[PDB]
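Enquirer: Structure in structure tokens, see below.
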Amino acid sequence: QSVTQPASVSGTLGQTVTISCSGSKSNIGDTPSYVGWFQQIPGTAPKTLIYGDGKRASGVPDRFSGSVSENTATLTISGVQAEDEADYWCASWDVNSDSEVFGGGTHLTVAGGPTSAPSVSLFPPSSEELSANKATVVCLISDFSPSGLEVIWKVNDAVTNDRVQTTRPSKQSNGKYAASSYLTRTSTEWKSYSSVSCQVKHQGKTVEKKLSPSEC
Amino acid sequence: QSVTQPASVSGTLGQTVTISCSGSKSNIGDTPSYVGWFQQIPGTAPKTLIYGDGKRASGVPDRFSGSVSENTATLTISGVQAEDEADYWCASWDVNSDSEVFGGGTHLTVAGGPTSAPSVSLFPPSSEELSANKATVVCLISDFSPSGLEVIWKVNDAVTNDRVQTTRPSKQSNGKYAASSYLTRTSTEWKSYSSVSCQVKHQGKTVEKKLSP
Amino acid sequence: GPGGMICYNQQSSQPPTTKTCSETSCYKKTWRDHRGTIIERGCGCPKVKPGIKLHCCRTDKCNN
Amino acid sequence: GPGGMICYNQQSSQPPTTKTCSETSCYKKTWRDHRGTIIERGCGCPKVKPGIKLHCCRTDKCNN
Amino acid sequence: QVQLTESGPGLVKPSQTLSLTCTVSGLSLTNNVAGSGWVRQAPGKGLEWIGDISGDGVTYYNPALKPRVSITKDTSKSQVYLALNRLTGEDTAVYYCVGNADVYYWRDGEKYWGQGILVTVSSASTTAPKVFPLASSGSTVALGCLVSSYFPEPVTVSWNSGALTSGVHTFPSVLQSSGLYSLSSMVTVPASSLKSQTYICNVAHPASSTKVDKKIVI
Amino acid sequence: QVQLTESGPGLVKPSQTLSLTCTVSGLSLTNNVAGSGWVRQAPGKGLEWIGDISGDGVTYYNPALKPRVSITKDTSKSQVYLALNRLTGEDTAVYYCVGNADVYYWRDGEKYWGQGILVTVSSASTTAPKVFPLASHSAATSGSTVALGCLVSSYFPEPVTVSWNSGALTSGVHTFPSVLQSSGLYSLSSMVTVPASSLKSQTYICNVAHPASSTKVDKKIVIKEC
């Protein structure tokens, strides 16, 4: 059986938001009712928000509530906070397949927080790594909001796109976002370059940091 | 759903015989039980012998009984009289298809009765039929047992087989059997033939009747 | 049942109510809560989740 | 049960007997005869004939 | 006394709807678990259940016929009606009305059948029969009449309007290459009552709504 | 205090059987209408229910996995066991043990989750990580604060944890998501922001833990001038 929920929902801080989960009479519409709602912060295990007959789990804030109308269930977040930005899953039990069915998931992006410029930290290949004919330049961007940005590597002063791998931004413990980019070269390539650079474009600003090979 | 019963069963007079009807747990094996057994003499409406949970219907002889084991039911005739020669049908109710299902039927041939010679009556094409430029010679054989015989038409004095249509023997009110054969020709064919004849072979005997214009 | 099987649809101990149904069956679910036993009536014979006691029957207004 | 759903299979008011079942359901049919009320217990939830009251449930020894 | 009597057209067009009625005397069309319905038997085919309607008006149809089958009833008139649309030659058969005197559960009671009503599906039209005489031990003689060239197959035969039943036999029909049916009826009679007693047959072709009375004189 | 702890191999070969154990503390594996079972989440995929075993021992499996799944339980040991055979790359996922504190009917109660255990299905063998230091003049987050870190490089399978000063240092820490290099191995970076004044006064060691290889690396970040 298949239950479908929106792929993405956006909300401003303080704004009431709803995530909806559409199913069938065999599952979401089955009586007595069971529809679970679970919150997941990417990279963590899911936590139960709503359980059973739209009941709020222990220790869950009052702003989360769950309801069902016919074959469609609905999670309501009344006053989205920044901590609520996360993935949300609906589950139900289908009696025709005697099986628990989950939705596709819904990413809630809570926007409207304060803006912060990105701190860029550029790190050169370690001498140990270089002892293996391997060079990894590491660019760590931190303490920036909103989540979106662009990373640009440059060898010498020209833009390069080969062996570049960036990770999608992720929230920090303080609430801002962070990202990592890796420039992979051979030790000879690194020691031959005049200057490597990592540039970050965010909210119209640009922050560039530069490194150069040494015999340290 | 499909219930299967033997296509044919033979029994001697006085012998105990059984007709079996095999099905599934959804029908014959369903509880509370229903398996009906119905007797039909070809050309008649069915008559209910057994109904419900192997119960004998009103007016049915005591020799008829019905039983069920798992998904297989069985009708038992304890001492088959010759009146019992007939088609037999089993029916049940399938709960998965909510439907009544019948078997393929079983023809019971009760043999061993007394032998009787066939009376043959050969009638000529009517003057009206010939007034329609058509000729039908009609051979009616009656009051013969066993059921089987062979009919042979002959044009002139040699046997000829063109447009000869015979019916399968059928029981009469007295208990014996009867059959009819029709020889169809155009009026000129009949009026030109010297002599038509209808011959009946039954139980080793030979009875030929002849009619000429 | 002129247009179909007629069957009860009232809830728990509410005043008996009936509805016409295209199904040839009719059901009475019963389960428990902190409030006590909860009954639900309708047509068809639905499959239930464990904990629900399902009764069902195939005659007009049999699911009381 | 350990190997499957355990369920009553006795008939009418006989001494309770239980059977291990591969079905995740268990049933109690009841009907009437000249002899009176007849109950039949087993596993699954079978389709029944009109006149039979079917009660099935999905927990161990629930079909008493 | 139970009597189920079917009535309706014996010839239906392949582009019509077959509608048959069954009048019931002696059975209950009101018991919730008792049914009344229709079975059929086609030539060289087995018994095929069409459907049932219960005392509550609930219907159960043969799944293979469900899209074309409708069974209804009027208990005030004590009748059950069958309707089958999208007709084909395969729907040609003898249709039996049936009644189930059930008591406690479906099919727990005796089943009563009607005589049956032969229904033929054909684009051809009815052809009435031609009744020709058949006259030609010396203590008893045999006469008859041959019903020739009729369609559809259902034809009835009597002798002396039913007064004569001893020694009578009506035979099964035959399909000639012409595409119509023919049968012969016979009776054996005392040779002594040949010139003094009258011997007439009464053929009835219902599809053509015809009744012939033919005297057999030699 | 409910606690559901998964245990088992993080790396299984495509021709074996995945066997996971779940130790349960605070829940009942005896209520007939309460279930305990397994859910899974594949990378970049949604939550997929594997199965449940009820307080009566009755099992309910995801039909799409039914032929290969077996869920059992030992109530004396308060444990639930999962077994999945005919493994493929598609079975690589995070496996969560779950418990349903249902009361009156199936799924009427709160659902509790374990922390999840990552299981990778591969014919490749484990590769321990090489922890390299990350210190740079170009890591000046601000004027009063500097950023150091360590790069965990070239490990398989993916589950790796990172700590700083054995957990004594948690403020200003951030571990990043992993990345799959062309080599077929994983790499991630952990970072921490520290006061610039303490660089010569405080020691900063990171503690990487690779469970699939049963390895724990400790890398001291040394700030040396050339």
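Residues in the structure tokens are numbered from 1 in each chain, the chains being A, B, ... in the order shown, and ligands are numbered from 1 in the order shown.
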Could you pull the residues within 6 Å of stretch 43-59 of chain C, counting only C-alpha atoms, minus those fewer than 3 positions along the same chain, as a list in words?
Expert: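 In the requested form, the answer reads residues 95 of chain A; 23, 25, 26, 27, 28, 29, 30, 31 and 62 of chain C; 50, 53, 54, 55, 56, 57 and 58 of chain D; 33, 105 and 106 of chain F.
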Enquirer: Taking only C-alpha atoms into account, find every residue of chain E that has an atom no more than 6 Å from chain D, and write it out as JSON, numbers by chain.
Expert: {"E": [33, 104, 105, 106]}
Enquirer: Near residue E:52, within 8 Å and counting only C-alpha atoms, which residues show up once chain neighbours fewer than 2 positions away are dropped, as a PyMOL selection string?
Expert: chain E and resi 35-38+50+54+59-61+71
Enquirer: Could you check which of E:40, E:13, E:195, E:205 is closest to chain B, using only C-alpha atoms?
Expert: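 Smallest separation from chain B among the options: E:40.
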Enquirer: If you run DSSP on this backbone, which residues of chain C come out as strand (DSSP E), and could you give them as a ChimeraX atom specification?
Expert: /C:5-8,18-21,26-33,36-43,53-57
Enquirer: Between atom CA of residue A:121 and atom CA of residue F:145, what is the spacing in Å?
Expert: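 Computing the Euclidean distance for atom CA of residue F:145 and atom CA of residue A:121 yields 11.5 Å.
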Enquirer: Within 6 Å of chain A, which residues belong to chain F? Use only C-alpha atoms and report them as a ChimeraX atom specification.
Expert: /F:46,107-110,115,134,136,138-139,141,226
Enquirer: Produce a file of the selected residues containing N, CA and C atoms, as a PDB file, in the first residue's frame.
Expert:
```
ATOM      1  N   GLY F  46      13.401   6.287   1.658  1.00  0.00           N
ATOM      2  CA  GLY F  46      12.458   6.509   2.732  1.00  0.00           C
ATOM      3  C   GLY F  46      12.468   5.390   3.756  1.00  0.00           C
ATOM      4  N   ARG F 107      -1.048  -0.817  17.389  1.00  0.00           N
ATOM      5  CA  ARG F 107      -0.538   0.518  17.080  1.00  0.00           C
ATOM      6  C   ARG F 107      -1.342   1.639  17.733  1.00  0.00           C
ATOM      7  N   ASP F 108      -2.036   1.361  18.836  1.00  0.00           N
ATOM      8  CA  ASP F 108      -2.744   2.414  19.555  1.00  0.00           C
ATOM      9  C   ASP F 108      -1.854   3.165  20.539  1.00  0.00           C
ATOM     10  N   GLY F 109      -0.608   2.726  20.726  1.00  0.00           N
ATOM     11  CA  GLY F 109       0.278   3.292  21.716  1.00  0.00           C
ATOM     12  C   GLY F 109       1.498   3.982  21.121  1.00  0.00           C
ATOM     13  N   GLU F 110       2.325   4.494  22.019  1.00  0.00           N
ATOM     14  CA  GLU F 110       3.529   5.206  21.615  1.00  0.00           C
ATOM     15  C   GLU F 110       4.533   4.249  20.981  1.00  0.00           C
ATOM     16  N   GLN F 115      18.629   3.534  18.425  1.00  0.00           N
ATOM     17  CA  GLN F 115      19.492   4.536  17.823  1.00  0.00           C
ATOM     18  C   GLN F 115      19.850   4.207  16.384  1.00  0.00           C
ATOM     19  N   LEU F 134      44.264  18.846  10.948  1.00  0.00           N
ATOM     20  CA  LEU F 134      43.825  20.012  10.189  1.00  0.00           C
ATOM     21  C   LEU F 134      44.115  21.244  11.036  1.00  0.00           C
ATOM     22  N   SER F 136      45.694  25.340  10.273  1.00  0.00           N
ATOM     23  CA  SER F 136      46.135  26.249   9.229  1.00  0.00           C
ATOM     24  C   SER F 136      46.028  27.688   9.702  1.00  0.00           C
ATOM     25  N   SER F 138      45.130  29.759   7.682  1.00  0.00           N
ATOM     26  CA  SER F 138      43.928  30.141   6.956  1.00  0.00           C
ATOM     27  C   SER F 138      42.663  29.549   7.565  1.00  0.00           C
ATOM     28  N   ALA F 139      42.699  29.191   8.850  1.00  0.00           N
ATOM     29  CA  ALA F 139      41.537  28.666   9.555  1.00  0.00           C
ATOM     30  C   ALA F 139      41.012  29.646  10.599  1.00  0.00           C
ATOM     31  N   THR F 141      38.657  31.544  12.010  1.00  0.00           N
ATOM     32  CA  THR F 141      37.223  31.820  11.975  1.00  0.00           C
ATOM     33  C   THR F 141      36.940  33.289  12.273  1.00  0.00           C
ATOM     34  N   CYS F 226      57.050  26.736  11.476  1.00  0.00           N
ATOM     35  CA  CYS F 226      58.119  26.241  10.616  1.00  0.00           C
ATOM     36  C   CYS F 226      59.294  27.213  10.577  1.00  0.00           C
TER      37      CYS F 226
END
```
